[PDB]
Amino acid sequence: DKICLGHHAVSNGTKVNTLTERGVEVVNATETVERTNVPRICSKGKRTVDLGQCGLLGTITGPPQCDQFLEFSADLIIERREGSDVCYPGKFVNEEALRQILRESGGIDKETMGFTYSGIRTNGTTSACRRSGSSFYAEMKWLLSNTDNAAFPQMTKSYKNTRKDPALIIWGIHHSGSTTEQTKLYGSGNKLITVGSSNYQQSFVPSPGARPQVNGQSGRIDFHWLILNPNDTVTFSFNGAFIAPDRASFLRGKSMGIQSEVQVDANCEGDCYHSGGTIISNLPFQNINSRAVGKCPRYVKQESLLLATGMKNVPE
């Protein structure tokens, strides 16, 4: 008598939204927003350097924490919350920029600057950088007068980047703990330090004077920096309070940097990272962390957004 056509259905479907109706039941649907985190840095197949006690900026100047990091290579660089840039109390000026550069460096390669010195001390140290006795920043030299009180000479060290790539250059200004602490180290008289290239002009005066002790020192050493272009030349001129670079730093390639609080795992694999782990997913969006970095799903406010993968569902 009769032939009839028809479509399938199921006893429990799932609610999606449409242009026109909320919570319309379809037969099958699928999630579009990643909510699942992996509480580990999934590092498989990436050259990894977990800095631990060493602060990223440390890798440039070289406090004891960073000795094992003066010349690394990396695809992925991990800063820890207990990282530390500094042995002798002081700061990097314009630090976050520097960090941003270093994070994508692909690592660093040191080269001597070929400075040599005459009629001055080179070997100044501090009990603040402990290495079997007072030591100092491994990449730097504390330049001193020859004897207490004696007059530091008006010096000029210059350095030409003869490599194909930009050089990262660092120096330091020493702020002594007193005016006489200064004059005892570098001689009496108003001190000055200037640093020039073709894109860089700036001068520095030390500010000797009373500070609280940090790590038992009232002095401060503050680091300044610049990118030297292929074929351009830095000149340093000075007459004291100067912490000279021994080596320049060249960046190796490409890397990403992240800050994390979780263990590394060389067994899982992801490109999207945040302080509490890796987001592994194909889904277009994610509701885990708005500050994830890497190649990520796009972060969204919504916790769930279901995409219909079947027809209107219609039960008996």
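All residue numbers are counted from 1 along the displayed sequence.
A.B. asks: Tell me which stretch has the larger mean Cα B-factor in this entry, 22 to 30 or 267 to 275.
C.D. replies: If you average the C-alpha B-factors of 22 to 30 and of 267 to 275, the larger mean comes out for 22 to 30.
A.B. asks: Identify the stretch, either 90 to 98 or 112 to 120, whose C-alpha atoms have the larger mean B-factor according to the entry.
C.D. replies: According to the PDB entry, the answer is 112 to 120.
A.B. asks: Out of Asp148, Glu104, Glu71, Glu79, whose C-alpha atom has the biggest B factor in the entry?
C.D. replies: Going by the entry's C-alpha B-factors, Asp148 comes out highest.
A.B. asks: Ranking the modelled residues of this chain by C-alpha B-factor as given in the entry, is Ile221 in the lowest, middle or highest third?
C.D. replies: Answer is middle: the recorded C-alpha B-factor places it there.
A.B. asks: Once the chain's modelled residues are ordered by C-alpha B factor and cut into thirds, is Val10 in the lowest, middle or highest one?
C.D. replies: Tercile = highest for this residue's CA B-factor.
A.B. asks: Looking at the C-alpha B-factor of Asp75, is it in the lowest, middle or highest third of its chain?
C.D. replies: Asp75: CA B-factor falls in the lowest third of its chain.
A.B. asks: Lowest, middle or highest third of the chain for the C-alpha temperature factor of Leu168?
C.D. replies: Ranked within chain, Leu168 CA B lands in the lowest tercile.
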